[PDB]
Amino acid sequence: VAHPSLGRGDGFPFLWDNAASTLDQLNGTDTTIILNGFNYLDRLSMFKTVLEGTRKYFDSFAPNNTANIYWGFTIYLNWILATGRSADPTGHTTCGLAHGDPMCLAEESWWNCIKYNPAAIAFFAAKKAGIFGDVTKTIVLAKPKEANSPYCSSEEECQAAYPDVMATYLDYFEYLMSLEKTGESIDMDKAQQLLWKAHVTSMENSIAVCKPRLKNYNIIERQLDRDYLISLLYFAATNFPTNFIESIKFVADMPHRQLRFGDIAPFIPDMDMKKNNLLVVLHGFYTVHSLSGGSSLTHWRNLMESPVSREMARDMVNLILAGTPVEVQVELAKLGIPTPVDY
């Protein structure tokens, strides 16, 4: 069974070796490639194939492709599986439960809802850019069952429903492809900024359509979900790295199980101090955001235009990841955010 932070045991995702490295290895026929977006292993392949296709850009920094910035959502896929957050929370199907199909990722899961596109649409953008080489096969995606679903099931449908999402992931992969023609080395800060801009665009394009799924969870776990999504917008503006090491550091500090009535951070007794602390912090970003009418995020983005501000903001993120109990509003003030007051 998948471990929340360790994956299969060493940090790499559960069933890492079973996922495809190249499009050749995916199931299909001679004119089609078949992917089930609602299956863990196929989603893992959507990540792994891009990781193998982009390996050459990050090779001189570290072994085993661990400097690649595509690890972020790859590691979070393992975490949503390991913690039961991809399973059907309604009780209407056995999708994702141990007595049903444990690989199945539920349509009604809020986590699956927000994380689907950074797998699938990003995969299409990579293909279009030529990350995979030329590919004559047609991609066929398993279809959702809900009518008027937020989950798109083809290249054209995804393009039409989420055009900005497709475009921003494309910008990232097009920038990587340009390194082969300019005969230049990779600008890490610029590449990271490009990938973050796609992730953020995806989150923002999915927030309203995935919102109703929040109601399938109790109020404590549900507020964590909001806490997380809002916090991510703040973390992205800092250009914090989404490589292997940093991603492992984040999921280690995330709760290992779904929350329930009774859980109040930082006094959750089956979690270490680093997890309890991260939960307080996530809610701290939500509170600043909420009390300011979202205006703190706008200020934060403007301040994060400066590379020196971004470096200082990443230092605060490292303190937080180490378990240091910093007050978010007080730190944001120190970096020049006017901090709101409750009325």
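A residue's number is simply how far along the shown sequence it sits, counting from 1.
Student: Looking at the entry, does 55-63 or 35-43 show the higher mean C-alpha B-factor?
Tutor: Higher mean C-alpha B-factor in the PDB entry: 55-63.
Student: Taking the mean of the C-alpha B-factors per stretch from the entry, tell me the winner out of 180-188 and 239-247.
Tutor: That would be 180-188.
Student: Which one of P266, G72, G130, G84 shows the biggest C-alpha B-factor in the PDB entry?
Tutor: Going by the entry's C-alpha B-factors, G130 comes out highest.
Student: Can you tell me which of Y169, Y116, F261, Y217 has the maximum CA B-factor listed in the PDB entry?
Tutor: Spelled out: the listed residue with the top C-alpha B-factor is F261.
Student: Just say lowest, middle or highest third for the CA B-factor of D164 relative to the other modelled residues in its chain.
Tutor: Answer is middle: the recorded C-alpha B-factor places it there.
Student: Rank-wise, by C-alpha B-factor, drop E156 into the lowest, middle or highest third of its chain.
Tutor: Answer is highest: the recorded C-alpha B-factor places it there.
Student: Can you work out whether the C-alpha temperature factor of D253 puts it in the lowest, middle or highest third of the chain?
Tutor: Middle third of the chain for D253's C-alpha B-factor.
Student: Could you place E221 in the lowest, middle or highest third of its chain by Cα temperature factor, using the values in the record?
Tutor: For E221, the deposited C-alpha B-factor lands in the lowest third.
Student: Taking the chain's C-alpha temperature factors as the reference, tell me which third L97 falls into: lowest, middle or highest.
Tutor: Highest third.
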